[PDB]
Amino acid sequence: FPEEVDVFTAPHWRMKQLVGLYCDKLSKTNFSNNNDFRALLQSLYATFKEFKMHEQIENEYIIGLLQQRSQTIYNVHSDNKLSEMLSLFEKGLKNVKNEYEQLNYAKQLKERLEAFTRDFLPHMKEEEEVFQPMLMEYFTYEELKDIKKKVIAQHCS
């Protein structure tokens, strides 16, 4: 699809960049060290806050509009369980004090992140492969250009 009407590709480039970044940080983190541990969780909190913003922008500026026009999207836009990811990080930052707790938490953190990323990727793929074509049908080219402008503005501060 032409770039100027593509409402998912650039934002998803950023989200994918962020996934790569936290996967790298996760692999290098020494979970036995409290400073490494906290730094990782603070980074995750920031990243997943941006994920949360991303989904919100989509709901408000894209999906909301699309659902109003198509009338055929019955479950639509998954949730990705971001609030619960954030609550997990918060518990690590607030309740984990020593090495035993850090290493037990780490096992669960890794499992939960793997699960999230396993769902996040297909979620983004569906938007690109299913929603984008639909937008092409229910909006004019110029309408989509304007939607993209708003979407980019919200994503980029």
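Note that residue numbering follows the sequence shown and begins at 1.
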{"property": "Other PDB entries, at least a third, lacking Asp79", "result": "yes"}
{"property": "Given 44-52 and 89-97, the range whose Cα B-factors average higher in the PDB entry", "result": "89-97"}
{"property": "Of 53-61 and 125-133, the stretch whose C-alpha atoms average the higher B-factor in the entry", "result": "125-133"}
{"property": "Where the record places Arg38 (Cα B-factor, split into thirds across the chain)", "result": "lowest"}
{"property": "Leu113, C-alpha B-factor rank within chain (lowest, middle or highest third)", "result": "middle"}
{"property": "CA B-factor ranking of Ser32, expressed as a third of its chain", "result": "middle"}
